[PDB]
Amino acid sequence: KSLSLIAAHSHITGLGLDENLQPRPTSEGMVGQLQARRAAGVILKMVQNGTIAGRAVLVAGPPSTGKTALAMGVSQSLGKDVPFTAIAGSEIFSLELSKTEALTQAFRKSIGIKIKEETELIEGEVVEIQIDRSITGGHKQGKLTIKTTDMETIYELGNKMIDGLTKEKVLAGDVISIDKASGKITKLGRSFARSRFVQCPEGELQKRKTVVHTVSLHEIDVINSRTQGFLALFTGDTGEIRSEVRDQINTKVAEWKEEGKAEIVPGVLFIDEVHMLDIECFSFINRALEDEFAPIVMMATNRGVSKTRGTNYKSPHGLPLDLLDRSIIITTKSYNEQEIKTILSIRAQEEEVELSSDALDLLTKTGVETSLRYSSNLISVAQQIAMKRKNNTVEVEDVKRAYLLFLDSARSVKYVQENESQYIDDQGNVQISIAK
Amino acid sequence: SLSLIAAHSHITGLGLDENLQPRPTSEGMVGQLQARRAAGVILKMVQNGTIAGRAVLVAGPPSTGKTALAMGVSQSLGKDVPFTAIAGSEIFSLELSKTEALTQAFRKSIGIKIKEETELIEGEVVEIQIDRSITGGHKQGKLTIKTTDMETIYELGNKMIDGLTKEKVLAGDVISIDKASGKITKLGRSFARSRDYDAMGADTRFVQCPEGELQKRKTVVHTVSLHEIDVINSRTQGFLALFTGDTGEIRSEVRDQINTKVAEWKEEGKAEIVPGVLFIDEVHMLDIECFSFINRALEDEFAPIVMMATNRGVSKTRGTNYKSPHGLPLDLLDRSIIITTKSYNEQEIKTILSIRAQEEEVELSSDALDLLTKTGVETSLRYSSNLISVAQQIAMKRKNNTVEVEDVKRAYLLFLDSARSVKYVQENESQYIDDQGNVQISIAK
Amino acid sequence: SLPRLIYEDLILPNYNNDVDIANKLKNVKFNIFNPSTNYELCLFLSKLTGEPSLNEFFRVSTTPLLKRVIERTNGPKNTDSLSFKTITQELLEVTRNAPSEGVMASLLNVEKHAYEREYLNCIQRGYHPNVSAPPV
Amino acid sequence: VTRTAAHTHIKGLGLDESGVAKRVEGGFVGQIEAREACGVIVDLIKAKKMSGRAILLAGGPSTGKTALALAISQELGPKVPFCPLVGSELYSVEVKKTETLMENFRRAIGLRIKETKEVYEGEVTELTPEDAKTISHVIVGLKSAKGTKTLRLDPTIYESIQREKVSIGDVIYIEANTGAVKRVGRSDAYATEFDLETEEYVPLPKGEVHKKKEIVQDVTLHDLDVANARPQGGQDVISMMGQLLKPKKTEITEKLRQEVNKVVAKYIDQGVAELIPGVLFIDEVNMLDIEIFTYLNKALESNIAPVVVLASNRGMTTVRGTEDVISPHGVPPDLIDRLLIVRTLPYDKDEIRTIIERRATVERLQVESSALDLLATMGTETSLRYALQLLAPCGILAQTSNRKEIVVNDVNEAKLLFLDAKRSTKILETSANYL
Amino acid sequence: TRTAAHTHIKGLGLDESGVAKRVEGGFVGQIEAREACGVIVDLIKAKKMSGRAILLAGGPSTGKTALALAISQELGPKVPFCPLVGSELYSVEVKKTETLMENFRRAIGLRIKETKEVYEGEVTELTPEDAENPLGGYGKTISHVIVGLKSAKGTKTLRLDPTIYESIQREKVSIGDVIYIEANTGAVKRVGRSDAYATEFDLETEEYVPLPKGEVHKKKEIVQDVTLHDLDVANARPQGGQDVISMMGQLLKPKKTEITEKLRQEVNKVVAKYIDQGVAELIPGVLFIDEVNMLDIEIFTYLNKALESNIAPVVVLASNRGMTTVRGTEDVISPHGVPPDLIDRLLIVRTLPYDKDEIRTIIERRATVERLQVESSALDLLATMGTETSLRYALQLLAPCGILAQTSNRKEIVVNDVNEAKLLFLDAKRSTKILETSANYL
Ligand SMILES: Nc1ncnc2c1ncn2[C@@H]1O[C@H](COP(=O)(O)OP(=O)(O)O)[C@@H](O)[C@H]1O
Ligand SMILES: Nc1ncnc2c1ncn2[C@@H]1O[C@H](COP(=O)(O)OP(=O)(O)O)[C@@H](O)[C@H]1O
Ligand SMILES: Nc1ncnc2c1ncn2[C@@H]1O[C@H](COP(=O)(O)OP(=O)(O)O)[C@@H](O)[C@H]1O
Ligand SMILES: Nc1ncnc2c1ncn2[C@@H]1O[C@H](COP(=O)(O)OP(=O)(O)O)[C@@H](O)[C@H]1O
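Quick notes on the rules
- Residues numbered from 1 in each chain as written, not as in the entry; some residues may be left out.
- Chains lettered and ligands numbered in written order.
- Part of a larger assembly, values for the part shown.
- Heavy atoms only, no water.
- Residues with missing side-chain atoms left out of burial classes, pairs and counts.
- Near = heavy atom within 4 Å.
- Polar contact = N/O pair within 3.5 Å; in protein donor to acceptor, adjacent residues only side chain to side chain.
- Patch = residues over 30% accessible without salt bridge, like charges linked within 9 Å, V, L, I, M, F, W, Y side chains within 5 Å.
- Areas by Shrake-Rupley, 256 points an atom, 1.4 Å probe, with all protein chains shown as cover.
- Salt bridge = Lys/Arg side-chain N within 4 Å of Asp/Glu carboxyl O.
- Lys, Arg positive; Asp, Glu negative; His and termini not counted.
- Charge placed at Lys NZ, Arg CZ, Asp CG, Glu CD.
- Helix = DSSP H or I, 4+ residues; strand = E, 2+ residues; numbered from the N terminus.
- Pairing = 2+ DSSP bridges.
- Axes fitted to C-alpha atoms, helices over the stretch in contact; angles between N-to-C directions.
- Contact = heavy atoms within 4.5 Å.
- Buried area = accessible area lost by both parts, 1.4 Å probe.
- Nonpolar A, V, L, I, M, F, W, Y, C, P; charged D, E, K, R; others polar.
- UniProt positions renumbered as here; feature names shortened; annotations may be inferred.
- Buried < 20%, exposed > 50% of the residue type's maximum accessible area, 1.4 Å probe, protein only.
- Right-handed = clockwise from strand over helix to strand, strands pointing away.
- Parallel < 35°, antiparallel > 145°, perpendicular 65-115°, else oblique.
- Left-handed = near helix turned anticlockwise from the far one by under 90°.
- Arc of directions from axis to C-beta.
- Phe/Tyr/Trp six-rings, centres within 6.5 Å; stacked < 30°, edge-to-face > 60°.
- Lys NZ or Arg CZ within 6 Å of the ring centre and 35° of its normal.

A. Region of interest: the site of ligand 4. Around ligand 4, the surrounding shell holds 17 residues, and the nearest of these are E:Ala5, E:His8, E:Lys64, E:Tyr354 and E:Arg392. Per-site note: the chains with residues close to ligand 4 are chains B and E. Here an oxygen atom of ligand 4 and a side-chain polar atom of E:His8 are 2.4 Å apart. E:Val28 is positioned such that a nitrogen or oxygen atom in its backbone is 2.9 Å from a nitrogen atom of ligand 4.

Here it is, written out as structure tokens:
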């Protein structure tokens, strides 16, 4: 499951830390940024403890300095079964939902209910089905010889089981699972009989299994609101869910928690590029962070002393000071030559690219000259240029050809400022003619 | 009941004489003699009903009694005359235009009066016998209805049989049948059969067995505004649009056929026309398009009398970039007559505070009333009005029943007015967020 | 996948929840179209619409839209009412069973004339959906 | 186990019988005058006589306005309604803002209803209907482990019984007052009629068949408004799939509000209903537009409007939607004249230290006194909120080195990892490329 | 009797083949504008041109709307007249272009005539006569249906198709009811029950229409007047259909939709086909827009497009602005708020202010319409009042004067009553002087 080709943060499998929350120099695909990784590990221990709620953490720094990488590492080290809602800042300006309603849905998607239940199933291999039918179809009789690798039995079947076996046609040689209470019969496949293919089950026929369900609060909010069904969880037209059913869900969840029938898991809400939110969003967040059913909100931004959207003044990080009072700030730093070389080596091993040493030094030099992402993007173009001339190892001139073909930001600005008469300026004046 | 002590609930009508001369203090209104006389003239204009499309404007400073005068006009208007009181911000909708919202607000304020007669047969069903012919084209019905006093036998038609087969009665339900129109309803089940079925169910209800005379005659009067007819003749089942507001830009053709048919109904003699008043409080924040539509729509015969209230000085008009008196353009101010209110003095403030204290069932001493009068002289009037209500609770916490000067002083010290709040903000400006988003959170430098 | 706890404690009634009690309190006891408590409003609406049954508004306000569409019956209404015949409904009614070469029917039969002129009943189909799926 | 989120150490106002505030009581430290004013407001709300009274409490950020509002809501109790709101929630894309404000106004007036629940539940042992094509009544026999009981039922409930596919031997659930019929499943006595069946098998109920219970229903006025203003129509009891056409919110007319008020006023006089007014709390009132500020003046003059409590932390600020209206707290002078203003004062060093100790107690952490002095100095130097939010990283870093107790070095380490706004601004200013 | 700011004017008041006289038809003064409006009325009655535009301009309280209503009264009630405000085009359901096109199509009328051959009256007998050789496997095969009808002074027995008996059964036609059968379609409809069958049952719902006058069979020629917009909204919406979409949309909110140009073209070609047959007459009318400065430049551009159409009616625009910026533009200075592209496409009629004697005569006519009696010196003082402040202020101060005269138990307005009405009700200038000379947020 979970198909994926290659991502920009696909080499990161978690925060590289020891048992004392100390960062290794290189572990789980993350190098450098020791203090930020330690602080994110402390935040991970906050999430794993779960005894506190509504704490806001801001990750701020220069662009292309391990912010989204840190968020991806926290999400990978959280594991499965714990909600993680990663949204962008421009995703809440909707046309059918208000900004506060979309923010409320994104807040309530990150708190889960854990419910354990038990059900009994008959998973077996069908030896023989015998069906006795009448002329008019009044009374049906049925014998079912079914087995595992451990037992063997014969069952008399009633009329509704005859109807449920005729529908979704079960033949001899099949492996099926039957639910007695609901009457759901699933064909797992065919057994190992050459005369798809699965293994015949072992042990008892009538098994009792415990399944664990994690249901978000937003799902129960959609279900309890009678105006729309559960298909609004998939189609997306929930449409301004009222606060009365939210109050009923908030009371019933605590009622289940006191009786021990369910458990509370908190999650992480990540807001990438938080500076694009409006002032009314920040004013809503300032009061939504103080609820008992509030997750931990991590926000990432790279702006420095910019204009707050919806106002006319300037604020640090694009955020007003009342929101910044309610947050603790993790600050990232720029990378050195050695860490850039290590990151580029990790990305070379990730994309199955074989690199010479001098090509790696050239990539590190042009990475500390221009950008990390530019050298991270040249490394796969140079492999195709290498494969055009039929050799596996990327050499120095293979990097030089890709450097010549594909430009960066500074060279493009230089060439545009040199030949600005051929481009459209702000005033809309261009020159298309060559002569005169 | 479902009415608490409101902001101005002491006003019960306009305190005028038979020669339109205002009393100094009667019917809850104190002072403002010229404004009350002008409001009495406008009230006589409404009660005459021979004129249409006139615009007055109540202009004054804040806390003077413009909406108090409007409440007095509405209370002295009497029942069954439509009075539509809206604010300025109500007409900005997302699924209705401002022109259509103003049209609906205009046509909600003029009604028609229809008289009709009812012959009611209300009783408990005993036995229904259905006789069917051999051909079956015609059926007869023997109905045994009863009251606590007399019972009788009625003959039914086939349409009675069809109408009683639907919403089927089960020989012991309470129904009521009209004779002139044939209206059929099922009120519920009698209390004599309440211990019969051991579980009532979803769609049943219990009513008392009707008593007295089985036959009754009653004349009823209905007042229907033109907006109700506009909504009803626009859909198939339109009363849901009457109660949910999803009418959605009703067309003009149905409006002109309803105007023509109501003129025909007035000419025939079935119904009569009752004009009313449309009150717009805080009229200054309407767009210039709304003002254009208003001074064109004031020229129709089916137009009510529009009372507009405002308190702005020479201020800008919304939708434009220039200033005008009262926030209204001069084209609208040409077609208007202005009633101007005047600020109060010590004695009128004292009398209004005494009336508001009597209305809230709060007993004061003379010294506390004089202190509240001095505070309402210095500060506004509503501050003293709220000070009375909080000083009553401060009095009752002391196991004392009358409000003393200590309680008024404590309520003055606990709660602040506008000027002291402005002074405390301006002295401590570093601790508040200013217009540029700057704030000194920390107490140490 | 949905657990049994939410379904049991939130949808179906049992002894520890008040789903049915709140439903009866909201939809029956406090309904404003109830003739047992709001007879004057029912009489007013019966004069307004001309409906011969006073229990019709309760039936309309407590039924789904599709069900109300399906069993809609063209019942008769009395003449003494305020709901009259709007002109476009009269134009819709005079062409219900009118034949061809009548002036009102021909002025009201634009779309079938466009259908029969443009040879649309022998045209082919150029678009098919790529995926067809049942509900979840 | 227990979750703490910026509150829940606040239990109330901590006043005595005479309304005088204690210094440290109820989780509140200091703030005598605002707590006394809030207690007077709580008594006025408990008096249950006046409508449309308003209160605005103003002060600097991190001073205790929202804590005082929550203390008022805790002092009133859970029976009285309390509607919290932010000023940004009044802007919706389905209806106008005035409709949202009126809906939130009517959400704060509640009704208490005395009701009875009557339940029959057991095994169906006899299902005999009798007519006079139209059935007259059905006799249903029920059996539980304490005995049997026979009932008569009307054809209406019989239609729901047949719709639920109830046969002889199923365990059913019949509510007497509502007529709702629920089928649980077949019984374990009929579990051996076949070796394999699709029916679920439940045991017999242990208690008696007939159960009676007294219940109390709380319903707001907006619930009665929305129960009658359904545009599509009524809905069924059980529906996992929604209606095909989406029902959106609509501008509810005042005629429906008047009829709902007429029905409630009729029901109150019979003693069935009890009326309880409540509190509408609006935090961050400076986010409101001038049109909502104008409509608030009309809405405060109604006969059924609840007590409204506002809060703002601004100074002389331009009202949103206007250009040159400079007014205190971002509130126009028309609404301020209808208000009563309660001031909130900032704290000194010892109250900050006491608040930090109180928050460390409720979070189950043990702090050294020398670390507490450093935390108080940090709180006075930067912010009280920054000192409060640094307690949990100190606890985690103390738990890392196998200690149940906070040392000064943990405070220094947590200060090194996490920054406040001022040091972030200093890094922002002396930087090259976007921090 | 209701009077509202108008209805003292009955047409323009011109004589035939000539000019306006000084006072006639409720008009005082304004001779040249009345003559120009009469020429425009004659051009409209000529029924030839299309898309001609008249802009009449002047100051406030001059009589532009009165002239437009006088044009509407002079044309008569059979010619369509669509009044409009420039603020009405901004709708939140459909674009303003579609609203302008709908108001364009509302102003053109169609007069149609038709002949109906009917048979109506009370049923005397209803016998489905069986056939001579019935077919096997069936029951009651019908050869014809004999229906007898009775009305006032005439009875007649009919001989019908076998098919109509199905419609008789579906429409629940019993004996004694009054039925209605048109010739070519069949389609019996049940109009009610006779009044002679009213009092045999105590309780019934069915109405009792009496016996119809005239013979049972009469051909009646009817004449119907529709508009093109009615035909457009009738052809665009579907008829009574059996599909779920038609019944679902009929119970839902009638949301306005963008009518295509194809439907309009088909409507125009079928209307032209029936006009050429000699059955239908086309009556163009007037579309009147008041305060056209409220339109922005997009609606002005679509007006430029739509005035060059083949079917567009006569449009009359009113405005009172001078050198004003056009709405939607920041730097275009234009007369009357109208851009020069539209200004080049219309004819401008200028209206002039009044003097003291004309103000006195207008006040006299408005007093004699409102059934009031004014003294002569009070009339002169009211004319002086109208000269000093406004004509509309002098006109609106008449009913308070009558009420104050009635309160003193007199039937005549005197000087003291108009002084009391002066002191009680203010005008714009004195209210502005009160606002300027006060500093308490007045
Ligand atoms: N500590 C790290 N370990 C591994 N890769 C890193 C690290 N820091 C940055 N990167 C790489 O640098 C790129 C920029 O990181 P990212 O945080 O997404 O940019 P920004 O800081 O602009 O959000 C990413 O593709 C990531 O793979
Ligand atoms: N003449 C009066 N008699 C009694 N009460 C008055 C009078 N004038 C004003 N008030 C009181 O003053 C309070 C506020 O005045 P208001 O009518 O709101 O003035 P405005 O509408 O100009 O703001 C109201 O509660 C009203 O009861
Ligand atoms: N008197 C007090 N005693 C104890 N804790 C307080 C007191 N005043 C404020 N606090 C705490 O300080 C924090 C201030 O938050 P809040 O009052 O929401 O800020 P604002 O006043 O800006 O709305 C709250 O978490 C509250 O628990
Ligand atoms: N020539 C006239 N004769 C009589 N009354 C007139 C005349 N001109 C204007 N009036 C009156 O003046 C009033 C306002 O004029 P109006 O038509 O509104 O001018 P405008 O439309 O330019 O504002 C109308 O009620 C009308 O009766």
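B. Just a positive patch on the surface, in detail. Side chains of A:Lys167, A:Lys169, A:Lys184 and A:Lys187 sit close together on the surface and give a patch of like positive charge. Among the structural elements, A:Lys169 can be located in the loop between α4 (159–166) and β8 (174–179).

C. Layout of the sheet that holds strand β13 (residues 305–310) of chain B. All names here are of chain B. Strands sit in the order β4-β12-β13-β3-β16 across an open sheet of five strands; the sheet is parallel. Two strands bound the open sheet, and with one partner strand each, they are β4 (83–87) and β16 (337–340). Pairwise comparison of adjacent strand axes, ignoring direction, gives a mean angle of 20° for this sheet. Pairing geometry for β4 and strand β12 (residues 277–281), over five bridges, is parallel. The partner of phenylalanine 83 across the bridge, within β12, is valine 277.

D. Focus on the interface of chain C and chain B. Taken together, the contacts link 34 residues of chain C with 34 residues of chain B. Looking only at chain C, the three residues that lose the most surface to chain B are C:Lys47, C:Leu82 and C:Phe84, adding up to 21% of its buried area. Our count for the chain C to chain B interface comes out at three salt bridges. Between C:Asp80 and B:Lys270 there is a salt bridge whose closest N-O contact spans 3.3 Å. Inspection of the chain C/chain B interface yields 10 residue pairs in polar contact. When contributions to the side of chain C that touches chain B are tallied by element, the ones reaching two or more residues are α2 (19–29), α3 (39–49) and α4 (56–61) of chain C. Tallied by class, residues from the side of chain C that touches chain B come to 17 nonpolar, 10 polar and seven charged.

E. Seen up close, the UniProt feature "binding site: ATP" in chain E. All names here are of chain E. UniProt tags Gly58, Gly59, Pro60, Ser61, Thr62, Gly63, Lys64 and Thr65 as "binding site: ATP". Judged by its relative accessible area of 7%, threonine 62 falls in the buried class. A distance of 3.3 Å separates the side chain of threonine 62 from the backbone oxygen of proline 60, its partner in a polar contact. Along the chain, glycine 63 falls in the loop between β3 (53–57) and α2 (64–75).

F. The pairing of strand β13 (residues 296–301) of chain A, seen in detail. Residues and elements named next belong to chain A. Most of β13 sits inside the fold, with six of its six residues counted as buried. Across the two faces of β13 the burial is the same, with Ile296, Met298 and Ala300 and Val297, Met299 and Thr301 all buried. Direction of pairing for strand β3 (residues 56–60) relative to β13: parallel, over a ladder of five bridges. Residue pairing in the sheet places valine 57 in a bridge with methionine 298 of β13. Of the pairings in the sheet, the one linking strand β12 (residues 268–272) to β13 comprises five bridges and is parallel in character. Paired with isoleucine 271 across the strands is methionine 299, a residue of β13. This β-α-β element, β12 to helix α8 (residues 279–288) to β13, shows right-handed connectivity.

G. Representation of the packing of helix α1 (residues 31–46) of chain E against α2(E) within the structure. Residues and elements named next belong to chain E. Relative to each other, α1 and α2 sit at 40°, their axes nearing to 10 Å. Between α1 and α2, the angle falls in the class oblique. Considering how the two elements wind past one another, α1 and α2 form a crossing that is right-handed. Residue-level inspection shows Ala33, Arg34, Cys37, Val41, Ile44 and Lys45 of α1 in contact with α2, the latter providing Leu67, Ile71, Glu74 and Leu75. Across the contact of α1 with α2, the residue classes tally to seven nonpolar, no polar and three charged.

H. Looking closely at the interface of chain D and chain B. Contacts between chain D and chain B engage 93 residues on the former and 72 residues on the latter. For the pair chain D and chain B, the summed buried surface comes to about 7,300 Å²; carbon and sulfur atoms form 57% of the total. Remark: the boundary between chain D and chain B carries six salt bridges. At the boundary of chain D and chain B, one finds 22 residue pairs in polar contact.

I. Up close: the pattern of salt bridges. Counted according to the given criterion, the structure contains 103 salt bridges over all chains. For A:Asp408, the salt bridge goes to A:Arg411, with nearest N and O atoms at 2.9 Å. Across the pair, exposure class does not vary: A:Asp408 and A:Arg411 are buried alike. One salt bridge in this structure joins E:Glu206 and E:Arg193, with 3.3 Å as the shortest N-O distance. Residue E:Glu206 is located in the loop between β9 (186–193) and β10 (217–227), and its partner E:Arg193 is located in strand β9; the two are separated by 13 residues in the primary sequence. Across the pair, E:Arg193 and E:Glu206 agree in class, each one buried.

J. Examining the side chain of D:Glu103 more closely. Looking at the element boundaries, D:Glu103 is found in helix α3 (residues 97–106). In this view, D:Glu103 contacts D:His222, D:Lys249, D:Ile252 and D:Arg257; residues no more than four positions away in its chain are not counted.

K. Representation of the site of ligand 3. Near ligand 3, the surroundings consist of 17 residues, among which D:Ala6, D:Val29, D:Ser62, D:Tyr347 and D:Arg385 are the closest. Residues near ligand 3 are shared among chains A and D, making this a multi-chain site. At 3.1 Å, a backbone N or O of D:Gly64 approaches an oxygen atom of ligand 3. Alone, ligand 3 offers 560 Å² of accessible surface; in the complex the protein occludes 94% of this. Elements represented by at least two residues in the shell around ligand 3 include exactly β2 (28–29) and α2 (65–76) of chain D.

L. Here's a closer look at helix α15 (residues 428–436) of chain E. Along α15(E), the residues classified as buried are E:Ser431, E:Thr432 and E:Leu435. The buried residues of α15(E) occupy an angular sector of 100° when the element is viewed end-on, so they sit on one face. Exposed and oriented more than 90 degrees from the buried face of α15(E) are E:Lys433 and E:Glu436. Buried residues in α15(E) make contact with β14 (314–316), β15 (323–325) and β16 of chain B.

M. Summary view of the UniProt feature "binding site: ATP" in chain A. All names here are of chain A. Feature annotation in UniProt assigns "binding site: ATP" to the following positions: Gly61, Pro62, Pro63, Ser64, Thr65, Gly66, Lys67 and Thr68. Mapping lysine 67 onto the fold places it in the loop between β3 and α2 (68–78). A relative accessible area of 12% means that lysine 67 is categorised as buried. The residues touching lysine 67, leaving out its near neighbours within four places in the chain, are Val59, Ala60, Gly61, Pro62, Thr301, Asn302 and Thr332. By the secondary structure assignment, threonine 68 is in helix α2. Residues within four places of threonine 68 in sequence aside, it is in contact with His9 and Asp272.

N. Structural detail: the packing of aromatic side chains. For the structure shown, the criterion picks out 10 aromatic pairs over all chains. Aromatic side chains D:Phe82 and D:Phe281 sit 6.3 Å apart centroid to centroid with 15° between the ring planes, which places their arrangement in the stacked category. For D:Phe281, a relative accessible area of 1% translates into the label buried. Geometrically, the ring pair formed by E:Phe81 and E:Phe288 is stacked, given 6.4 Å between the ring centres and 20° between the ring planes. In this pair, E:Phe81 is assigned in strand β4 (residues 81–85) and E:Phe288 in strand β12 (residues 286–290), connecting sequence segments 207 residues apart. Since its relative accessible area comes to 24%, E:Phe81 is described here as partly exposed. By relative accessible area, E:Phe288 is classed as buried at 1%. Grouping aromatic residues by their ring pairs yields a cluster made of B:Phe239, B:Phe243, C:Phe33 and C:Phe57. A cation sits over an aromatic face here: A:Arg411 above A:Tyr403, 4.2 Å from the ring centre. Over the ring of B:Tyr412 we find B:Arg420; its NZ or CZ atom is 4.1 Å from the centre of that ring.

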